[PDB]
Every structure is written in structure tokens, then in C-alpha cells.
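# Summary of structural features
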Amino acid sequence: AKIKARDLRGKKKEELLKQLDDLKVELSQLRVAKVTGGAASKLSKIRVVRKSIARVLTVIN
Amino acid sequence: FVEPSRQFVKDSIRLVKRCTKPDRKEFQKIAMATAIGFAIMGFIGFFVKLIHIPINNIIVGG
Amino acid sequence: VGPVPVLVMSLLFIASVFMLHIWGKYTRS
Amino acid sequence: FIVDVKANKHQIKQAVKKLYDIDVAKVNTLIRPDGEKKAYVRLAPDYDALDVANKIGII
Amino acid sequence: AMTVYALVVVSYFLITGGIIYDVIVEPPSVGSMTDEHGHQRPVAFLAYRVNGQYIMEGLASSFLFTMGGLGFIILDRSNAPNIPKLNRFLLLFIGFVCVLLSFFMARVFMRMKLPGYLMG
Amino acid sequence: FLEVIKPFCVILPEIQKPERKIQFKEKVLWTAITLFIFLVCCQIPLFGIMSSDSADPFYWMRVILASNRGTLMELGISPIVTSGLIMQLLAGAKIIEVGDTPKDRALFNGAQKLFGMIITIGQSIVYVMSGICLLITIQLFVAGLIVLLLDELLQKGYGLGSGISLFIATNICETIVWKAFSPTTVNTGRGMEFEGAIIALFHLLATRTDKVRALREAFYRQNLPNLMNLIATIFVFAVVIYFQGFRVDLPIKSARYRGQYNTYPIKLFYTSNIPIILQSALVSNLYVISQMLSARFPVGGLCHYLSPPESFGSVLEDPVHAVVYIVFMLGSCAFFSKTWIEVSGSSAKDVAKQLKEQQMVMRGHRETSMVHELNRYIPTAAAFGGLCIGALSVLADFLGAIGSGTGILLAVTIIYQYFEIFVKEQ
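Residues numbered from 1 in each chain as written, not as in the entry; some residues may be left out. Chains lettered and ligands numbered in written order. Part of a larger assembly, values for the part shown. Heavy atoms only, no water. Residues with missing side-chain atoms left out of burial classes, pairs and counts.

Determination of this PDB entry was carried out by cryo-EM to a resolution of 4.2 Å, according to the record.

Put into C-alpha cells, the structure is as follows:
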């Protein structure tokens, strides 16, 4: 589950983008789920996904 | 006369996606815990095994 | 079950079955 | 939807089309007294809104 | 580990019961010859010869033995410590285990007296 | 219709629960004593008419209760079940009016007892039809009245699952368990004393050499239970708990409190269809009761639309029976969902008035639009919730991985909902 800085460093540029996109998608669905109740189990991820998103964007810059 | 079939078949595929589809955690809990709860009710058959056929031997023999 | 006799009642019924089962079988063999 | 306040209808239209692979008739924004630009988005008549609604999660 | 203890107590009544009478196997209980009228009532545990058993005799003996021992296990493992429910659960535990202990020893005493004809 | 027979028929009722209201574990004591009784209740009868076939509805009938020509289990709880079901029908269906005075609900229990005992008498007469006919009838009612008292002292009493459904569940645990360890086998052409147990398929390795043909008898055993059967039985259990967790979440702002979100769920199994499967079962039990009145005035021509086709060969010699059996199973559970929900709660108005009654309002809209918030879920999650149980029980029959079939799938589904109920109070 965990996205680390560790590994991302070496990865290719196009590969980093797809990963960000896929997190941005995952963030969307949780935000949708927060509106419709969803579940505490989902409403954790939203914080996790946010920080993993940042971890990705940071590596890129 | 044909369209309520279409209605229910599309109506199913609506609520299949709205359900939450559990993952490796809650499945795990009710899985192991409720097979355990099953066998709580379960070995009782092995004790009517251990009892009620030999006492049926007591029944028929006397 | 404010009272426990209903259970005891069930036990009595099984005994009636239990004893009355072999009771006629007494004269037989 | 709720939308980012900086957005044009043009941008929303383009976003809605991009995210949900959909296609829009018209976007019709306002601003909530709260701060969050709401957006009513009419989908083109080839598309059903309840069908996409079920796809995105809401109902 | 304690699973080794489980293995050993599993083996206990298993080789108290009938590994001796695996190869010398004698079928479960019928030996009456009409007694006056009724032909083939299954009798009992064997009584007249001491060393013999059947399958039904041995299993019963083994069952009587391991329940008594594990009743003493239950006396040790929960009744001496003081942590759980101090009026409802504990009293059940000493109650059914004392019932285990007393009635078990009583019935095994009976199941040596009646196959054995020993002066009690 | 109600106002005359109900005031006279009050003979020998049950005692309502005491003032020892809140408790944790003496609740479970009142369960366990009944479970001692159905240790005992499945025990041998006292009459020596040893008829050849055990029961005629023995398999489907056996699935509901398995003491066929056996014990005081009385071939089924089918008296209490059928008599409860059509009572709740004719209360809900307005062929007969609704009683909501407490005198009417008490006499409603009385008439429940009435139809239950009359149906016990009907089953007694219809199974016994020599000169030894005495005292069977006395035994059956005594053992009908006992199951009556034990069930109604586990609704207003302990009762969490029911009296009924947990009886069915534990007896289904036993019917797997006789298949789990199996001591006897009448000797066939070879191989005494090993019938579909795992001990059987561990003693079988101790006796015979040529372990390939020891594997073959272990995995493709037909006439006795099988261990491929047991793999399929386990597999079904895993899938059905995969489908119990299918639930719809609905978050709720509680009224008058800031933002607590105790989201109301709607599981697909939707009371786990203890109506709806037993709806599917007991109509096909009542005719195989009343084929006994067809012997005079049958197991052949009436069976072709009565039963499953029983064959592991999927292309067995009649596709008519297979198609009509599966279509009836699916349609019966779906139809009895869409008719069932209107009586035992959890229909649209039911949910709405319970939530208003416990001060829980959907966030999206006004309180009495909650109906239209969730009316587009509950019928389909009745109907599909009906449908993909019965087809699921198709997969309980199409593949013989079931110790007892459909019924075992669904009584352990009872147990699975049952665990939730017990956990609820933690």
C-alpha cells in the first residue's frame, strides 16, 4: 500500500505521472464517498492518498 | 409486455455497483470468527454421535 | 420463563418417553 | 457538482468531459453563500444522468 | 509449545484405549444367548476375563480418563487466577469441573466394580 | 373470523418474560438449555412399525429437519414455520384484518398455537396413514407443544436469532457433522466402516495398498459422502460469506446532534431470507405431505414439476425438469421477496418510520423524502436479494459441495446474521 520516496527516485518520468494520475483518481472516489457516508475505512485513505500524491509531485519537482 | 424485463435487468446492474464489496479484512473477520461460531454449534453433533446411538443400543437391547 | 418448570416440564416429558419406552419393553425381550 | 471557484464554464465542461468520458449540453454555474461554486451540468440527450450518476457512485 | 501437550493428551487415551487391541480387535458388544427368551441383546463391557476389551469398552475408558485430567487443567488455568468475572463465570467453572471430577471418578469406580466384581 | 374462536381458545398458554430484564449471559443459558433439548429431542421414537422408506419428503424434508422416521424433532418445525408464515401472511395480506390491541396480539399468538397444533395433528395422521396406532398421537403433540414453548420462550425471552432458525442451524451443523466423522458403514462389496468421513479417508490409507486407488475412492466416492463434496461444501461457505458483506451504505446526520455518522446499511441477503428460502421450501413440503392423500383418491408424474432432478450429470435425461426447477427456484425466491418485505418490516415506510422514530435524517433532502431516497433500493435489494440466493442454491446443487444443500447454505447464513446480532450488544 505505502508509496515511499525511496523507490520513486529512480523511476521514469512517464511512470511517475501515471502513478500521480492513479492517486488523483483514487482521491476523487474517496471525496465522492465522504459525501455519501462511505465508511471510516474509506475516510482514512483520503489523508493517505493526499500525502502519497504530494510524495509523488515532490519527487518530480 | 417485454420492457419490465429490461427494467429489472438494468435495475440489478444499478445496485450491484452501489454496494460496498468487502475486502481482505472484514471478510477475514466474519470468515474465521463465524466458522468458529459454526463449530460452536457443530461438535454437538459429535456428541449426539457419542451418546444417542449407544443409548439407542441400550434402548433396543432392553 | 419467569419460572424454570417449563424446562423441568420438558425434562419430565423426556422421562415419560425415556421410562415409558423401556417400560413396555420390560415384558418383552 | 461543487467546483473550484476560479473555473470558467468552459473549463468545467472540459473537465466533466475528460473525467467521466461524457459529453455536455451546457454548464450553469453559481456561487454558494459558503464559498463553493456549485455547477449544474446538463448532459446531452444521448446520455442518461442517472446512469452516469450510478457510475460515479452517487444516487 | 503447548500444542505438544495437546499432541500428548491426544495420544493418551488413544494408546490407553485400543492400540493394544488394534491387531487383537474384538467387535463391539453382543454376547447374550437368549438368556431365557430374547436372542441377541448386546451385553456390556467384558467382565469375566480381565485383560480383554472391545472397541466400545476402550473408547469409553479413554474418554473417562482425559476429561478428568483436563478438568484438573481447568482448575489450574482459570480457577486459581482471579482476573475474569469474579461472581458469574468463575462459579460456573468450579461447578462443572467439580461435577466432572466427582461424577467421573464415581462412574469409573462403577465401571471397574461391575466388570470386575470387586468387593467395594 | 377472529372475534369468536380466539376468545375461547386460550387453553394452556405460555408465561411472559420476568422483571430480570438486562443481562448478558443468562440469556445464553436460556439458549443453551434449548440446545440441550435438541441434543435430546433428536432421539428414537417408541413404536415398532418399521416402515421401509424413512420419510417420503425425506431429502427436502430432511433439509428442513432431519429426523426422518426418527426422533421427537417431528419430521420438521414445519408446523411452527408454516403456521407462522401463513399467519403473518393473512395478517399482512388483508384477507383478514390486523389486530394491534394487546388482547389481539396475545390471541394472535393463541391462534398461532392453534394452527400450529392442528398442523402437527395433520402431519401425525398423514404419516401414520396398523393396529398399533395408540399413543403415537399423544407423543407427537407433547413433542409439538414442547417445540412450541421453546420457540415462544425464545422470542419473548432470550430470543435473538429465533427459537426456530437456530434449531435449523444447529441441526444443519449436525447433518454436516455426521458427514464429518462417520463411524459405521454397512459393508458393500469391499470396505466396511468408512462412509465419507475424513477419518474414513484416513483409515482408508491405513488399510489398503495401491494408494492411487486409495486416492480415487477418497475423491470420487459416489454413494456415500465424498471429500470432493466436502471441498465444494467449504467453497460454498466461503462464497456465501463473500456475498453477505454485500451491503449498501447510507450515512445519516442524526437529528439535533452535530455530525455523528452511524451509517444505516442495507445488506443484500435482507433478513437472510429465512422467510424466503423457507417460502421456497415449505410449499414443496406441504404437497409432499399431501401426496399421501393422492395415493387413494404420487412419486412419479407429479414429481416432474416438484423437485430437483438430483443428478450430477447436467445433461441428465430430462431438461424439462431441470429448466422448470431452476426457473421456479429463482422466480420463487424473487417473488417472495417482493411480497415478503411488506409484512416483516424493512419496507419503505417501515424504514422511514423507524428512522424518524429514532431521530435519524438523511442529509441530502427533507425527512419524508427519505422514502424516495431509499425506495429505489429496497425492492431491488429485495428482489435481487431474493434472486441471487436461489441461483446461489443452484450452485449448491449443481455442484455437490454441500453437506445438505440449499438449506445448509441458508442456515449458516442464519448463523452469520446471528453473529452480527450477538455482537451488536458486544
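### Overview of the overall build of chain A
Per the secondary structure count, chain A includes 3 helices and 0 strands. Sequence-ordered secondary structure for chain A, helices as α and strands as β, is α-α-α. Judged by the C-alpha coordinates and their principal axes, chain A covers about 40 × 20 × 15 Å. Looking at chain A alone, contacts between residues at least 24 apart form 51% of all its contacts between residues at least 6 apart. Approximately 4400 Å² of chain A is accessible, and the part contributed by carbon and sulfur atoms is 53%. In chain A, 17 side chains carry a positive charge and 6 a negative one; their mean positions are 9 Å apart. (Helix = DSSP H or I, 4+ residues; strand = E, 2+ residues; numbered from the N terminus. Contact = heavy atoms within 4.5 Å. Areas by Shrake-Rupley, 256 points an atom, 1.4 Å probe, with all protein chains shown as cover. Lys, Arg positive; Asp, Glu negative; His and termini not counted. Charge placed at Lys NZ, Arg CZ, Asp CG, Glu CD.)

### What to know about the nonpolar core
In this structure, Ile77 and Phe237 of chain F are the most contacted members of the largest nonpolar core, which totals 79 residues. The element that contributes the greatest number of residues to this core is helix 16 (residues 406–424) of chain F, accounting for 9 residues. Those residues in contact with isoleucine 77 of chain F that sit more than four places away from it in its chain are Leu65, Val147, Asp151, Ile164, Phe167 and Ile168 of chain F. Counting residues in each nonpolar core, the second largest holds 12 residues, with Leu27, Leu30, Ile53 and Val56 of chain A among its members. (Core = buried A, V, L, I, M, F, W, Y, C linked by side-chain atoms within 4.5 Å. Buried < 20%, exposed > 50% of the residue type's maximum accessible area, 1.4 Å probe, protein only.)

### Digging into the packing of aromatic side chains
Geometry of an aromatic ring pair is reported as the spacing of the ring centres plus the angle between the planes. In the structure shown here, the tally under the stated rule is 13 aromatic pairs over all chains. Ring pairing ties together the aromatic residues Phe38 of chain B together with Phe237 and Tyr416 of chain F, which thus form one cluster. (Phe/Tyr/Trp six-rings, centres within 6.5 Å; stacked < 30°, edge-to-face > 60°.)

### Focus on the interface of chain B and chain F
Each partner contributes to the interface: chain B provides 27 residues, whereas chain F provides 36 residues. Both faces considered, chain B and chain F share a buried interface measuring about 3000 Å² in area, 81% of it formed by carbon and sulfur atoms. Between chain B and chain F we count 0 salt bridges in total. If you look at where chain B meets chain F, you find 3 residue pairs in polar contact. Contributions of two or more residues to the side of chain B that touches chain F are made by helix 1 (3–18), helix 2 (26–42), helix 3 (44–52) and helix 4 (54–61) of chain B. Considering only residue class, the side of chain B that touches chain F consists of 15 nonpolar, 7 polar and 5 charged. (Buried area = accessible area lost by both parts, 1.4 Å probe. Salt bridge = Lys/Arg side-chain N within 4 Å of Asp/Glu carboxyl O. Polar contact = N/O pair within 3.5 Å; in protein donor to acceptor, adjacent residues only side chain to side chain. Nonpolar A, V, L, I, M, F, W, Y, C, P; charged D, E, K, R; others polar.)

### A short note on the pattern of salt bridges
According to the stated counting rule, one finds 9 salt bridges over all chains in the structure shown. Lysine 18 of chain A is the salt-bridge partner of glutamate 14 of chain A, the closest N and O atoms lying 3.6 Å from each other. A residue pair is termed a helical-turn pair when its members lie 3 or 4 positions apart in one helix, as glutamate 14 of chain A and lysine 18 of chain A do in helix 2 (residues 13–35) at 4 residues. Between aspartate 23 of chain B and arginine 24 of chain B there is a salt bridge whose closest N-O contact spans 3.1 Å. One salt-bridge network, held together by shared partners, links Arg32, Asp34 and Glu36 of chain D.

### Describing empty space enclosed by the protein
Here the largest cavity is characterised by a volume of approximately 220 Å³. Lining of the largest cavity is provided by 15 residues; of these, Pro57, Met61, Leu75, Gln123 and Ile289 of chain F occupy positions nearest its centre. Elements with a minimum of two residues in the lining of the largest cavity: helix 3 (58–64), helix 5 (102–128) and helix 11 (276–290) of chain F. In terms of residue class, the lining of the largest cavity is built from 11 nonpolar, 3 polar and 1 charged. In this structure, the second largest cavity encloses a volume near 60 Å³. The wall of the second largest cavity is formed by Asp11, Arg14, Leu15 and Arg18 of chain B, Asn54 and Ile59 of chain D together with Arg376, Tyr377 and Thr380 of chain F. Here the element with the most residues in the lining of the second largest cavity is helix 1 of chain B; it accounts for 4 residues. For the lining of the second largest cavity, the residue count by class is 3 nonpolar, 2 polar and 4 charged. (1 Å grid on protein atoms, 1.4 Å probe; cavity = no way out; pocket = protein on both sides within 12 Å on 5 of 7 lines; lining within 4 Å. Points joined across faces, edges and corners; volume = space filled by probe spheres on them.)

### With respect to helix 5 of chain F
Residues and elements named next belong to chain F. In this model helix 5 runs 39 Å from its N-terminal to its C-terminal C-alpha over 27 residues, within 8% of the 39 Å that 1.5 Å per residue would give. Of all the residues in helix 5, the buried ones are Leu107, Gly110, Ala111, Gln112, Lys113, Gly116, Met117, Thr120, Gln123, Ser124 and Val126. Among the structural elements, helix 1 (5–8), helix 4 (78–92), helix 6 (136–152) and helix 11 are those in contact with the buried residues of helix 5. (Expected span 1.5 Å × (residues − 1).)

### Remarks on a nonpolar patch on the surface
All names here are of chain B. On the surface, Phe43, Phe47, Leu50, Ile51, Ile55 and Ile58 cluster together to form a nonpolar patch covering roughly 570 Å² of accessible area. Contributions of two or more residues to the nonpolar patch are made by helix 3 and helix 4. Here the element with the most residues in the nonpolar patch is helix 3; it accounts for 3 residues. Assignment of secondary structure puts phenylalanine 47 in helix 3. (Patch = residues over 30% accessible without salt bridge, like charges linked within 9 Å, V, L, I, M, F, W, Y side chains within 5 Å.)

### Considering the packing of helix 3 of chain B against helix 4 of chain B
All names here are of chain B. Contact pair helix 3 / helix 4: the axes reach a minimum separation of 4 Å and the direction vectors enclose 30 degrees. Taken together, the axes of helix 3 and helix 4 are roughly parallel relative to one another. Facing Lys49, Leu50, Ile51 and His52 of helix 3, the residues of helix 4 in contact are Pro54, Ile55 and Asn56. In the contact of helix 3 with helix 4, the residues fall into 4 nonpolar, 2 polar and 1 charged. (Axes fitted to C-alpha atoms, helices over the stretch in contact; angles between N-to-C directions. Parallel < 35°, antiparallel > 145°, perpendicular 65-115°, else oblique.)

### Notes on the environment of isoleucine 24 of chain E
Here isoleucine 24 of chain E shows up in the loop between helix 2 (20–23) and helix 3 (55–79). The exposed category is assigned to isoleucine 24 of chain E, whose relative accessible area is 51%.

### Side note on the arrangement of the chains
Here the protein chains form 11 pairs of chains in contact, of which the pair with the most contacts is chains B and F. Of all C-alpha pairs spanning chain A and chain C, none lies closer than 41 Å, and the two are not in contact. The closest approach of any C-alpha atom in chain C to one in chain D is 48 Å; the two make no contact.

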